[PDB]
Protein chains: 2
Amino acid sequence: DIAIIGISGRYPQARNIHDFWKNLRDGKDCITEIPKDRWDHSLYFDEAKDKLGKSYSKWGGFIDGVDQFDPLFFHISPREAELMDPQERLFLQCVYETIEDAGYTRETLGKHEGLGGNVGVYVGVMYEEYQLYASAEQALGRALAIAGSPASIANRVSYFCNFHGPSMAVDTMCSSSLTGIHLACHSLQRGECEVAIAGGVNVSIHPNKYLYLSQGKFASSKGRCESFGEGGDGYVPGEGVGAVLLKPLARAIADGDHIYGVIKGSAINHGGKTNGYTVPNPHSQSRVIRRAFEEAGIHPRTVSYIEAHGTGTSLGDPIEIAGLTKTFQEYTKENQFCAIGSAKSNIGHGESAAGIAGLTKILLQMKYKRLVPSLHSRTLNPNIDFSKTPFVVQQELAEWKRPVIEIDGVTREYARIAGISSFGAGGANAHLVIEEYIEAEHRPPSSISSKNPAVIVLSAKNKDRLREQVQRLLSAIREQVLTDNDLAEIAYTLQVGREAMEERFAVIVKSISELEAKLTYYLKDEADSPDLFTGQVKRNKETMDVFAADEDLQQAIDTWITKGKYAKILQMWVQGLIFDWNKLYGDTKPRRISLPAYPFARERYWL
Amino acid sequence: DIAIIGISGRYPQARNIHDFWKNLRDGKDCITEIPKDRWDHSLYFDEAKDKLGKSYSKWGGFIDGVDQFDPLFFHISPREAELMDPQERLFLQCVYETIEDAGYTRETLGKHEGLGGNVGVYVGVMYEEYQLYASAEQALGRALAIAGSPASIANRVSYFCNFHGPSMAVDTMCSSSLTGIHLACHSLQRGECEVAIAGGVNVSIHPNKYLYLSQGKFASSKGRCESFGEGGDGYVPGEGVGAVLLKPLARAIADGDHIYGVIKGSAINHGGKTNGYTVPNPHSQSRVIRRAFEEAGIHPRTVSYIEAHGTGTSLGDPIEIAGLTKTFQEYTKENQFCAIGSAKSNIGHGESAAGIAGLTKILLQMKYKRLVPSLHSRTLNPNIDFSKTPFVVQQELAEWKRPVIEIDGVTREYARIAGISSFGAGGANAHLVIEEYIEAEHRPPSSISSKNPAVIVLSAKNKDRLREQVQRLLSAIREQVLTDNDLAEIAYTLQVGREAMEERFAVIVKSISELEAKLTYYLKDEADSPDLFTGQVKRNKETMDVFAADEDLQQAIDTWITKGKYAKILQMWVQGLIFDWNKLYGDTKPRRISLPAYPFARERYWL
C-alpha cells in the first residue's frame with residue numbers, strides 16, 4: 001500500500017495534467033510533424049525503405065519548449081545551463097512542480113530527520129543524444145565537451161533539494177519508469193526512504209533516433225500513430241517528462257495530503273530466449289501480471305480497466321492479448337467485463353515516459369470518474385477476436401461505473417481497480433496494479449466566518465512572476481470551480497506549501513467572490529487600496545535582528561493572532577519576518593489540495 | 001548473508017583474476033600511455049590548461065583487446081557484432097566466464113523453475129561513447145546508426161542465457177557496481193531472484209571523455225596515477241569490466257559451490273546540498289558507513305582492511321578520512337588498528353568498475369591471506385595526520401593476521417572482516433561490508449582408487465579451441481599446484497559445469513601425474529593411442545534415435561557404470577549421447593572448484 005500524493009508531467013500539446021486530461025477526453029491525436037526548430041528534416045526523407053534512415057520521418061509527439069529554463073531560480077549560471085541536459089532541466093522543473101502540487105516544501109518534505117530529509121529519487125531514461133552534437137562539432141573542428149552520465153538527472157535534483165536518500169537512474173527498454181516505481185516502492189517498504197520521487201523522461205532532439213528506428217523495422221510507415229487494431233505495423237516515438245511522489249498510505253492519511261491513488265502491487269521480469277531478439281514472450285507476460293496481482297491481493301474479476309503497452313505493432317498486440325487472457329482465465333472464464341486502451345494512440349511512444357504517462361492517464365480517469373476513448377481502434381485486428389477475450393476496447397467517453405459482481409455466491413460492489421503494463425523491446429517487462437482511495441469521513445466544521453477570516457499570501461521572485469501566479473490562481477479558481485468551502489484548504493496550501501520569496505502579496509478575504517474581486521483589482525494597475533499588502537524582503541534588513549533576537553515580540557505576535565488582528569502581522573510578514581503558520585491552526589488541521597505551481601521563466605539556452 | 005560463488009573480470013594488463021593478483025602482489029603500476037590503436041592522440045596535447053581539452057593526455061589504464069569477440073559462439077552475425085557495444089560484448093563474455101568459474105551451466109543455474117531459471121542481472125555503466133562515431137560519420141556525410149540504451153548490456157546476456165529475472169542497468173556516478181550489488185542483494189532477500197549476477201563495465205574509446213575530464217578540473221596533471229597521499233590533485237581514468245555471482249549462503253553451502261566471501265551489509269545514500277557541486281559530505285559518508293555496519297551487525301573494532309574511494313584528489317582524501325574516523329570513533333577510540341588502501345593506485349579509475357575491481361582485490365587478498373602493498377603512499381598527506389586516525393596505509397606485502405582483540409573484558413579472535421567504499425562525483429555514495437567464509441568440515445573419503453578411476457572430459461567447438469583449453473588446464477594444474485586429492489573435484493566441475501560441444505576429448509586417469517603425462521602426449525601430434533577418446537557430434541546422426549528412443553540401452557548403461565567399464569561409455573559419449581553425470585556419484589557429492597573457462601576466439605569487429 002503505497003499512496004500517490006502528487007504528480008506532474010509535460011506531454012505533447014500539454015503543459016499540465018489538466019490540459020492532458022482535456023486532450024484525452026476530447027479525443028485529440030496530439031501527433032504532428034517535426035518542428036523546424038529542430039533539425040531541418042528535409043535531408044533524410046525518401047518515402048522508401050532504402051538507406052537514408054528516414055521514410056518514417058514527419059510523425060512524432062513533441063513537447064513545446066524543450067530548450068526553456070529558469071536557471072536563476074535554481075542558482076545555476078547561464079554558461080552551466082547551456083550545457084546541461086534538457087532532460088535534466090525538465091526533470092528538475094517537474095520534480096519542483098510535483099512537490100509544490102503535493103503541498104509540501106523541500107524544507108519540510110520527509111524532513112523528519114533533522115538535516116534535510118531522507119527522500120529517494122528514481123528516474124527512467126533510455127539514452128542521451130545531447131553530447132552527439134559535441135561529437136559532431138569535434139569532427140567538424142572547434143572543440144566542445146558535453147558529457148552524459150544520466151545519473152545527473154537525479155543527482156542534480158537531490159543536490160538542489162538537499163535530499164539524503166538514494167538517487168539512481170534505472171534503464172530498462174520502454175519500462176524504466178515502471179522499474180523505478182518498483183524500486184521506490186520496495187525501498188519504502190524496507191524503510192530506506194520515508195518519501196520517494198519516481199519518474200521518467202524522454203526527448204527527441206537528434207535524427208539518429210529516427211535513423212535507427214528506420215534501419216531497424218520498428219517504425220510505423222506513414223500511419224499517423226499507434227493503432228491498437230486494423231493492421232498497425234509500428235509505433236511513433238514521442239517526447240514526454242513526468243514525475244510522481246510516493247509515500248506510505250498511513251503516513252499520507254495522517255498528514256492529510258490529498259491522495260490520487262494507491263499502488264497495490266508491482267512486478268518486473270525478463271522474457272528470456274525466444275524465436276529471435278525483440279520478440280515478446282506471452283508466458284513471461286502472464287507470469288509478471290500474475291505475480292503483480294498476487295502481491296496486490298487482487299482478483300482479476302474485480303479489474304475494470306487495463307492499459308496495455310500498445311505500440312500498434314503487428315506482432316505485439318495478439319501476443320499481449322494472449323498473455324492477458326491466459327493470466328485472467330485461471331480464475332474467471334467470463335468475457336467482456338474489462339476495458340483496454342492506451343495513451344500511446346494519443347501522445348505517441350515515450351519509450352521512457354510511457355509508463356508514467358499511462359499512470360497519469362489512469363489517475364486522471366479515476367479522479368474524473370470517466371473512461372476516456374481510445375483512438376484508431378474503430379475496426380480492430382482481424383487476427384484476434386475479442387469475443388472470447390475478457391477485454392473490450394473503449395471507443396467513447398463513458399462513466400466509469402463502480403463494478404458490482406457476484407463471486408462464489410456472494411454479491412459485492414468492488415472499488416475501481418486498474419492495471420498498467422509496459423514491455424520492453426529487449427525483453428524486460430513490468431506491471432503495476434492501482435486502486436482508488438476512499439475517504440472515511442468528510443466534513444469541514446465551518447472554519448470560515450467573521451471570527452477567523454481567510455488569509456491569502458503569494459510569493460514570487462519578481463513582479464512579473466507574481467502577476468503570472470495570481471493570474472493562474474484566478475483562472476484555476478474559475479476552471480476547477482472552487483468554492484468558499486475550500487478557502488481554508490487553499491490558505492493552508494499556500495501558507496505551508498510555497499516558499500517565501502522576494503516579492504510578497506497578502507490579502508484578507510471572506511468569500512471566494514471577494515477573493516476573486518480583490519485579485520482582479522490587483523491585476524488592474526492600482527497602487528493604494530485597502531486590504532492590499534505588497535512588499536520585498538531584501539530592501540529591508542535593519543530590523544531583521546530586531547525581530548529575530550527578541551522574544552517579547554513573539555509574545556506580541558501570539559497575542560495579536562489570538563485577537564485576530566491579521567493586518568499588522570501581514571503588513572510585516574510581507575516585508576521580512578519568519579512566521580510559523582502551523583500554530584495559527586490550533587487543531588482540526590485542514591487537508592491539502594492541488595493548486596498551480598510556480599510559473600518558471602522561459603529563458604532559452606542551447607549550444 | 002549473501003555469498004559469492006563466482007567472479008570474473010578483465011582489468012588493465014590482466015586478462016584474469018590470477019594475473020590481476022600477480023600484478024597486485026608484485027606492486028605493478030599498470031598504467032601506460034594511450035595505445036595507437038585508439039585515436040591518434042597527438043591532435044589534442046598541449047602541456048597547458050588552455051582550451052584543447054587535453055594536457056591530461058597520455059595517462060590511463062587500458063585493457064588489451066577491447067575489439068575482440070567470438071560472435072559465432074553466441075550465434076550472432078558478424079554484421080550485428082560490428083555494431084554492438086564492446087561493453088555489451090565484454091560483459092557477455094565475462095558473465096559466461098563467471099558462470100563457468102562457479103561450476104554452473106546456464107541450463108542448470110537457478111534452473112529449479114522448469115523453464116530456464118529465475119536469475120537476475122544487474123550491470124553498472126555510466127556512459128556509451130560508441131554512437132558518437134555514428135554522429136561523426138553523419139556529420140561528415142555517409143549514414144550510420146549506432147544506438148545506445150545501456151540496458152542492452154544486460155538484456156542480451158539474459159536473452160542468450162535464457163534468464164527470466166529482472167535485468168536492469170543502474171547508473172550512479174562511480175558507484176554503479178555497488179548500487180547494482182545493493183539491489184541484487186535486496187532482490188535475493190525478498191525472493192524475487194534465486195540467483196543474481198552483479199557487475200560493472202567501463203571502456204574509454206572516444207577522446208570526449210578526456211576532453212571533458214580536462215575542461216572540468218577533475219584530471220591528474222602529469223602525475224602517473226592516483227596518489228593516496230603527498231599532493232595528489234586528480235585521478236587517472238581506466239578501463240575495466242567485471243562480474244560476480246550471488247546466491248544465498250545456505251543454498252551455496254547445501255549445493256557445495258566454492259565460496260569466495262559473504263556480503264554482510266550494504267548501504268547507499270546521497271550527500272545533499274553542499275558548498276558547491278561535486279563536493280563530498282563527510283556526514284553522509286559517516287551515515288552510510290554506519291548503516292552498512294549496523295545492517296551487517298559488525299563492530300568496527302573487528303575490521304582489519306578498508307578499501308577507500310581514493311582518486312588521490314586534493315579535497316577528497318581528508319574528507320573521506322574524516323568521515324571514516326567519525327563513524328569509527330563512536331564505538332572505539334583506539335588508533336592504528338586497521339589498514340587502508342586502494343586498487344586505483346594500480347589500475348587507475350574505472351568509474352563504473354571501480355567497485356567491482358575493489359571487491360575482486362579484497363576477495364583475492366582474503367583468499368591468498370596476504371595484504372597487498374598500496375602505491376604512491378610513501379610520504380602521505382601533510383594536511384591530515386594518521387596518528388589520531390584508526391588507519392595506517394599499507395606499503396608492503398604482509399600476512400593478513402587473524403585479528404585478536406579484547407572488548408568489554410572478553411578476549412576473542414574475530415574473523416577477517418573488510419570494508420569497501422565508493423563515492424560518486426554527483427553525490428551518490430555506497431558502501432559494502434565483507435567477511436570470509438569458514439568451512440565446517442573438510443575431508444575427502446579417498447574417493448580415488450582402482451575401483452573408481454577419474455574421468456576427464458573436455459568439450460569445445462573446434463580443434464584449436466580444444467587445444468587451447470587443454471593447454472590452459474595443464475598450465476593451471478601446474479601454477480595453482482593442484483594435487484591428486486582434488487581429482488574428483490576437477491572431474492565433477494568439468495562434467496556438470498561445462499556444456500557439451502562439437503569436439504569432445506575424454507580420458508581415464510589415476511594419478512595427477514598420469515593426467516599431465518597423457519595431456520602432454522595429446523598435445524604432441526599422435527593419432528592412435530590407448531585411453532584416448534576423441535570425436536565429433538554432428539558427423540554422427542543415424543544412431544541418435546537408436547540411443548534416444550531406447551530404454552534397455554539405458555539399463556545397459558547403468559549396468560556398465562556399476563561394473564566400472566567407463567571405456568565404452570566414453571567411446572560413445574565422445575560421439576553423441578546425453579549422459580547424466582550426477583547419477584555416477586551415488587552419494588557424498590564432491591564440491592566445485594575454480595578452473596579455467598572457455599577460451600573465446602579473438603576475432604576483430606569494429607565500425
# chains A, B, ... in the order shown; residues from 1 in each chain; ligands from 1

$ residues_around --residues "stretch 378-391 of chain B" --least-positions-apart "6" --cutoff "8 Å" --atoms "only C-alpha atoms" --output "mmCIF file with N, CA, C and O atoms, in the first residue's frame"
data_model
loop_
_atom_site.group_PDB
_atom_site.id
_atom_site.type_symbol
_atom_site.label_atom_id
_atom_site.label_comp_id
_atom_site.auth_asym_id
_atom_site.auth_seq_id
_atom_site.Cartn_x
_atom_site.Cartn_y
_atom_site.Cartn_z
ATOM 1 N N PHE B 228 47.297 8.340 -3.003
ATOM 2 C CA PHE B 228 46.525 8.479 -1.775
ATOM 3 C C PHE B 228 47.095 9.551 -0.855
ATOM 4 O O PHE B 228 46.385 10.022 0.041
ATOM 5 N N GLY B 229 48.354 9.945 -1.049
ATOM 6 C CA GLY B 229 48.973 10.966 -0.231
ATOM 7 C C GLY B 229 49.942 11.810 -1.038
ATOM 8 O O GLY B 229 50.158 11.573 -2.229
ATOM 9 N N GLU B 230 50.506 12.813 -0.357
ATOM 10 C CA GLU B 230 51.570 13.687 -0.870
ATOM 11 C C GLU B 230 51.188 14.423 -2.161
ATOM 12 O O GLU B 230 51.720 14.181 -3.246
ATOM 13 N N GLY B 231 50.228 15.327 -2.003
ATOM 14 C CA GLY B 231 49.920 16.286 -3.049
ATOM 15 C C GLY B 231 49.333 15.701 -4.314
ATOM 16 O O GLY B 231 49.749 16.080 -5.417
ATOM 17 N N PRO B 318 41.200 13.908 2.664
ATOM 18 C CA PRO B 318 40.928 14.320 4.050
ATOM 19 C C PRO B 318 39.468 14.187 4.432
ATOM 20 O O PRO B 318 39.165 13.808 5.568
ATOM 21 N N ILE B 321 38.735 10.493 5.028
ATOM 22 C CA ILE B 321 39.352 10.067 6.278
ATOM 23 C C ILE B 321 38.568 10.606 7.466
ATOM 24 O O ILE B 321 38.381 9.909 8.467
ATOM 25 N N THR B 325 36.832 8.290 10.254
ATOM 26 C CA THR B 325 37.211 8.483 11.648
ATOM 27 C C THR B 325 35.990 8.766 12.511
ATOM 28 O O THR B 325 35.864 8.237 13.619
ATOM 29 N N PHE B 328 33.944 5.648 13.002
ATOM 30 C CA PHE B 328 34.634 4.627 13.780
ATOM 31 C C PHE B 328 34.853 5.019 15.235
ATOM 32 O O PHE B 328 34.983 4.132 16.085
ATOM 33 N N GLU B 334 40.469 3.555 19.862
ATOM 34 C CA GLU B 334 41.818 3.095 19.566
ATOM 35 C C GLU B 334 42.263 3.587 18.194
ATOM 36 O O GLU B 334 41.448 3.978 17.352
ATOM 37 N N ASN B 335 43.574 3.566 17.972
ATOM 38 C CA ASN B 335 44.170 4.072 16.747
ATOM 39 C C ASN B 335 45.123 3.045 16.147
ATOM 40 O O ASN B 335 45.653 2.174 16.842
ATOM 41 N N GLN B 336 45.333 3.170 14.840
ATOM 42 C CA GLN B 336 46.247 2.311 14.091
ATOM 43 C C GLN B 336 45.979 0.835 14.373
ATOM 44 O O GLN B 336 46.852 0.087 14.821
ATOM 45 N N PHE B 337 44.743 0.417 14.106
ATOM 46 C CA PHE B 337 44.356 -0.984 14.192
ATOM 47 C C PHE B 337 43.811 -1.524 12.878
ATOM 48 O O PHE B 337 43.495 -2.715 12.797
ATOM 49 N N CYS B 338 43.693 -0.685 11.851
ATOM 50 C CA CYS B 338 43.129 -1.087 10.573
ATOM 51 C C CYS B 338 44.010 -0.566 9.449
ATOM 52 O O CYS B 338 44.719 0.431 9.607
ATOM 53 N N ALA B 339 43.957 -1.252 8.313
ATOM 54 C CA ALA B 339 44.708 -0.874 7.129
ATOM 55 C C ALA B 339 43.769 -0.301 6.076
ATOM 56 O O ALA B 339 42.584 -0.643 6.017
ATOM 57 N N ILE B 340 44.315 0.579 5.244
ATOM 58 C CA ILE B 340 43.546 1.278 4.225
ATOM 59 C C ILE B 340 44.382 1.348 2.956
ATOM 60 O O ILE B 340 45.593 1.584 3.008
#

$ residues_around --residues "residue B:544" --least-positions-apart "4" --cutoff "12 Å" --atoms "only C-alpha atoms" --output "list in words"
residues 537, 538, 539, 540, 548, 549, 550, 572, 573, 575, 576, 577 and 578 of chain B

$ write_last_selection --atoms "N, CA, C and O atoms" --output "short mmCIF file (atom, residue, chain, number, x, y, z; two decimals), in the first residue's frame"
data_model
loop_
_atom_site.label_atom_id
_atom_site.label_comp_id
_atom_site.auth_asym_id
_atom_site.auth_seq_id
_atom_site.Cartn_x
_atom_site.Cartn_y
_atom_site.Cartn_z
N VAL B 537 30.18 -34.60 -32.90
CA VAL B 537 28.80 -34.91 -32.55
C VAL B 537 27.87 -34.78 -33.75
O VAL B 537 26.82 -35.44 -33.80
N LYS B 538 28.23 -33.94 -34.72
CA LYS B 538 27.34 -33.69 -35.84
C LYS B 538 27.62 -34.59 -37.04
O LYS B 538 26.74 -34.73 -37.90
N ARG B 539 28.80 -35.19 -37.12
CA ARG B 539 29.06 -36.16 -38.19
C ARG B 539 28.20 -37.41 -38.02
O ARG B 539 27.85 -38.05 -39.01
N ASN B 540 27.86 -37.76 -36.78
CA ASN B 540 27.06 -38.94 -36.47
C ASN B 540 25.66 -38.49 -36.11
O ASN B 540 25.47 -37.74 -35.14
N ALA B 548 18.23 -42.71 -28.28
CA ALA B 548 17.30 -41.78 -27.64
C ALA B 548 15.90 -42.32 -27.37
O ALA B 548 15.26 -41.88 -26.41
N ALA B 549 15.41 -43.25 -28.19
CA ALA B 549 14.09 -43.85 -28.00
C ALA B 549 14.18 -45.27 -27.45
O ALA B 549 13.24 -46.06 -27.62
N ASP B 550 15.29 -45.61 -26.79
CA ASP B 550 15.52 -46.94 -26.26
C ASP B 550 15.86 -46.84 -24.78
O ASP B 550 16.70 -46.03 -24.39
N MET B 572 31.42 -43.70 -26.68
CA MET B 572 30.20 -43.25 -27.33
C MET B 572 29.59 -41.94 -26.80
O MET B 572 28.71 -41.38 -27.46
N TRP B 573 30.03 -41.45 -25.64
CA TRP B 573 29.69 -40.09 -25.22
C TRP B 573 30.46 -39.07 -26.03
O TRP B 573 29.92 -38.04 -26.42
N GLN B 575 31.03 -39.33 -28.90
CA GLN B 575 30.32 -39.20 -30.17
C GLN B 575 29.04 -38.39 -30.02
O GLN B 575 28.97 -37.26 -30.51
N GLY B 576 28.02 -38.92 -29.35
CA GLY B 576 26.77 -38.18 -29.29
C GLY B 576 25.80 -38.29 -28.13
O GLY B 576 24.79 -37.58 -28.16
N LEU B 577 26.03 -39.13 -27.12
CA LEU B 577 24.94 -39.44 -26.20
C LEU B 577 24.89 -38.46 -25.04
O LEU B 577 25.92 -38.07 -24.49
N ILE B 578 23.67 -38.05 -24.69
CA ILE B 578 23.43 -37.36 -23.43
C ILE B 578 23.72 -38.31 -22.28
O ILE B 578 23.40 -39.50 -22.35
#

$ interface_residues --of "chain B" --to "chain A" --cutoff "6 Å" --atoms "only C-alpha atoms" --output "PDB file with N, CA, C and O atoms, in the first residue's frame"
ATOM      1  N   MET B 126      28.228   3.900 -16.858  1.00  0.00           N
ATOM      2  CA  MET B 126      27.958   5.333 -16.802  1.00  0.00           C
ATOM      3  C   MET B 126      27.489   5.866 -18.152  1.00  0.00           C
ATOM      4  O   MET B 126      26.382   6.399 -18.272  1.00  0.00           O
ATOM      5  N   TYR B 127      28.326   5.734 -19.177  1.00  0.00           N
ATOM      6  CA  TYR B 127      28.041   6.309 -20.484  1.00  0.00           C
ATOM      7  C   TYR B 127      28.498   5.430 -21.639  1.00  0.00           C
ATOM      8  O   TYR B 127      29.422   4.625 -21.509  1.00  0.00           O
ATOM      9  N   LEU B 132      28.796   7.981 -30.768  1.00  0.00           N
ATOM     10  CA  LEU B 132      29.432   9.238 -31.135  1.00  0.00           C
ATOM     11  C   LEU B 132      30.194   9.121 -32.448  1.00  0.00           C
ATOM     12  O   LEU B 132      30.251  10.093 -33.211  1.00  0.00           O
ATOM     13  N   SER B 135      27.592   9.607 -35.010  1.00  0.00           N
ATOM     14  CA  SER B 135      27.310  11.031 -35.169  1.00  0.00           C
ATOM     15  C   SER B 135      28.381  11.719 -36.005  1.00  0.00           C
ATOM     16  O   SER B 135      28.070  12.548 -36.869  1.00  0.00           O
ATOM     17  N   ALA B 136      29.651  11.402 -35.749  1.00  0.00           N
ATOM     18  CA  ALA B 136      30.729  11.984 -36.543  1.00  0.00           C
ATOM     19  C   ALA B 136      30.601  11.593 -38.008  1.00  0.00           C
ATOM     20  O   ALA B 136      30.778  12.429 -38.903  1.00  0.00           O
ATOM     21  N   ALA B 139      27.806  13.618 -39.564  1.00  0.00           N
ATOM     22  CA  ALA B 139      28.213  14.996 -39.818  1.00  0.00           C
ATOM     23  C   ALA B 139      29.119  15.083 -41.039  1.00  0.00           C
ATOM     24  O   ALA B 139      28.984  15.999 -41.859  1.00  0.00           O
ATOM     25  N   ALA B 145      24.027   4.348 -38.052  1.00  0.00           N
ATOM     26  CA  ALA B 145      23.196   4.474 -36.862  1.00  0.00           C
ATOM     27  C   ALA B 145      23.524   3.433 -35.799  1.00  0.00           C
ATOM     28  O   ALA B 145      22.944   2.342 -35.795  1.00  0.00           O
ATOM     29  N   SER B 149      21.202   2.851 -25.334  1.00  0.00           N
ATOM     30  CA  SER B 149      20.319   2.130 -24.428  1.00  0.00           C
ATOM     31  C   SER B 149      21.131   1.105 -23.648  1.00  0.00           C
ATOM     32  O   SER B 149      21.049  -0.097 -23.925  1.00  0.00           O
ATOM     33  N   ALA B 151      20.825  -0.610 -21.357  1.00  0.00           N
ATOM     34  CA  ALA B 151      20.100  -1.794 -20.925  1.00  0.00           C
ATOM     35  C   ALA B 151      20.423  -3.015 -21.767  1.00  0.00           C
ATOM     36  O   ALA B 151      20.327  -4.141 -21.265  1.00  0.00           O
ATOM     37  N   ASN B 155      20.290  -7.041 -21.135  1.00  0.00           N
ATOM     38  CA  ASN B 155      19.205  -7.732 -21.820  1.00  0.00           C
ATOM     39  C   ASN B 155      19.740  -8.798 -22.766  1.00  0.00           C
ATOM     40  O   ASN B 155      19.166  -9.887 -22.864  1.00  0.00           O
ATOM     41  N   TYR B 159      18.944 -12.725 -22.499  1.00  0.00           N
ATOM     42  CA  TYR B 159      18.359 -13.408 -23.646  1.00  0.00           C
ATOM     43  C   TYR B 159      19.195 -14.614 -24.055  1.00  0.00           C
ATOM     44  O   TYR B 159      18.658 -15.703 -24.288  1.00  0.00           O
ATOM     45  N   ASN B 162      18.936 -17.225 -21.387  1.00  0.00           N
ATOM     46  CA  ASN B 162      17.551 -17.595 -21.107  1.00  0.00           C
ATOM     47  C   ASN B 162      17.244 -17.477 -19.612  1.00  0.00           C
ATOM     48  O   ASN B 162      16.923 -18.452 -18.931  1.00  0.00           O
ATOM     49  N   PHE B 163      17.349 -16.248 -19.116  1.00  0.00           N
ATOM     50  CA  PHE B 163      17.009 -15.921 -17.740  1.00  0.00           C
ATOM     51  C   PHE B 163      15.670 -15.195 -17.694  1.00  0.00           C
ATOM     52  O   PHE B 163      15.338 -14.405 -18.581  1.00  0.00           O
ATOM     53  N   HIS B 164      14.902 -15.473 -16.640  1.00  0.00           N
ATOM     54  CA  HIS B 164      13.540 -14.975 -16.503  1.00  0.00           C
ATOM     55  C   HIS B 164      13.409 -13.928 -15.403  1.00  0.00           C
ATOM     56  O   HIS B 164      12.292 -13.618 -14.977  1.00  0.00           O
ATOM     57  N   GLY B 165      14.525 -13.375 -14.937  1.00  0.00           N
ATOM     58  CA  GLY B 165      14.506 -12.441 -13.838  1.00  0.00           C
ATOM     59  C   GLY B 165      14.770 -11.015 -14.272  1.00  0.00           C
ATOM     60  O   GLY B 165      15.030 -10.732 -15.444  1.00  0.00           O
ATOM     61  N   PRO B 166      14.708 -10.085 -13.321  1.00  0.00           N
ATOM     62  CA  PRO B 166      14.932  -8.674 -13.652  1.00  0.00           C
ATOM     63  C   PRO B 166      16.290  -8.450 -14.296  1.00  0.00           C
ATOM     64  O   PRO B 166      17.291  -9.062 -13.916  1.00  0.00           O
ATOM     65  N   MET B 168      18.321  -4.987 -15.365  1.00  0.00           N
ATOM     66  CA  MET B 168      18.345  -3.533 -15.374  1.00  0.00           C
ATOM     67  C   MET B 168      19.785  -3.049 -15.303  1.00  0.00           C
ATOM     68  O   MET B 168      20.663  -3.737 -14.778  1.00  0.00           O
ATOM     69  N   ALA B 169      20.015  -1.853 -15.840  1.00  0.00           N
ATOM     70  CA  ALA B 169      21.322  -1.201 -15.813  1.00  0.00           C
ATOM     71  C   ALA B 169      21.201   0.061 -14.966  1.00  0.00           C
ATOM     72  O   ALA B 169      20.661   1.074 -15.421  1.00  0.00           O
ATOM     73  N   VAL B 170      21.703  -0.001 -13.735  1.00  0.00           N
ATOM     74  CA  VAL B 170      21.696   1.148 -12.837  1.00  0.00           C
ATOM     75  C   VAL B 170      22.730   2.153 -13.322  1.00  0.00           C
ATOM     76  O   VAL B 170      23.576   1.831 -14.162  1.00  0.00           O
ATOM     77  N   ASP B 171      22.672   3.376 -12.796  1.00  0.00           N
ATOM     78  CA  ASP B 171      23.636   4.407 -13.174  1.00  0.00           C
ATOM     79  C   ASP B 171      23.768   5.385 -12.010  1.00  0.00           C
ATOM     80  O   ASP B 171      22.914   6.257 -11.825  1.00  0.00           O
ATOM     81  N   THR B 172      24.834   5.224 -11.232  1.00  0.00           N
ATOM     82  CA  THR B 172      25.265   6.215 -10.260  1.00  0.00           C
ATOM     83  C   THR B 172      26.742   6.488 -10.494  1.00  0.00           C
ATOM     84  O   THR B 172      27.518   5.560 -10.742  1.00  0.00           O
ATOM     85  N   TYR B 212      36.405  16.291 -21.631  1.00  0.00           N
ATOM     86  CA  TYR B 212      35.575  16.749 -20.521  1.00  0.00           C
ATOM     87  C   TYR B 212      36.334  16.688 -19.202  1.00  0.00           C
ATOM     88  O   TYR B 212      36.246  17.612 -18.383  1.00  0.00           O
ATOM     89  N   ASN B 269      23.412   6.164  -0.323  1.00  0.00           N
ATOM     90  CA  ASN B 269      22.733   7.418   0.001  1.00  0.00           C
ATOM     91  C   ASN B 269      23.248   8.511  -0.933  1.00  0.00           C
ATOM     92  O   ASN B 269      23.999   8.242  -1.878  1.00  0.00           O
ATOM     93  N   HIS B 270      22.836   9.749  -0.663  1.00  0.00           N
ATOM     94  CA  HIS B 270      23.291  10.926  -1.390  1.00  0.00           C
ATOM     95  C   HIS B 270      23.664  12.003  -0.383  1.00  0.00           C
ATOM     96  O   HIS B 270      22.976  12.184   0.624  1.00  0.00           O
ATOM     97  N   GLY B 271      24.762  12.711  -0.654  1.00  0.00           N
ATOM     98  CA  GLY B 271      25.239  13.702   0.298  1.00  0.00           C
ATOM     99  C   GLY B 271      24.245  14.824   0.525  1.00  0.00           C
ATOM    100  O   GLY B 271      23.844  15.095   1.660  1.00  0.00           O
ATOM    101  N   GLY B 272      23.837  15.494  -0.550  1.00  0.00           N
ATOM    102  CA  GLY B 272      22.840  16.542  -0.465  1.00  0.00           C
ATOM    103  C   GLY B 272      23.362  17.883  -0.930  1.00  0.00           C
ATOM    104  O   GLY B 272      24.185  17.952  -1.848  1.00  0.00           O
ATOM    105  N   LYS B 273      22.892  18.959  -0.305  1.00  0.00           N
ATOM    106  CA  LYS B 273      23.333  20.306  -0.640  1.00  0.00           C
ATOM    107  C   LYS B 273      24.616  20.609   0.123  1.00  0.00           C
ATOM    108  O   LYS B 273      24.643  20.537   1.356  1.00  0.00           O
ATOM    109  N   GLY B 426      28.617  13.085  -8.355  1.00  0.00           N
ATOM    110  CA  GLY B 426      27.365  13.795  -8.168  1.00  0.00           C
ATOM    111  C   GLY B 426      26.965  13.921  -6.713  1.00  0.00           C
ATOM    112  O   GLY B 426      26.383  14.933  -6.311  1.00  0.00           O
TER     113      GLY B 426
END

$ select_by_dssp --residues "stretch 351-489 of chain A" --states "alpha helix (DSSP H)" --output "PyMOL selection string"
chain A and resi 354-368+463-479+487-489

$ residues_around --residues "stretch 97-113 of chain B" --least-positions-apart "4" --cutoff "10 Å" --atoms "only C-alpha atoms" --output "PyMOL selection string"
chain B and resi 4-9+91-93+117-120+160-164+193-197+242-245+247+257-259+490+492-499+591-600
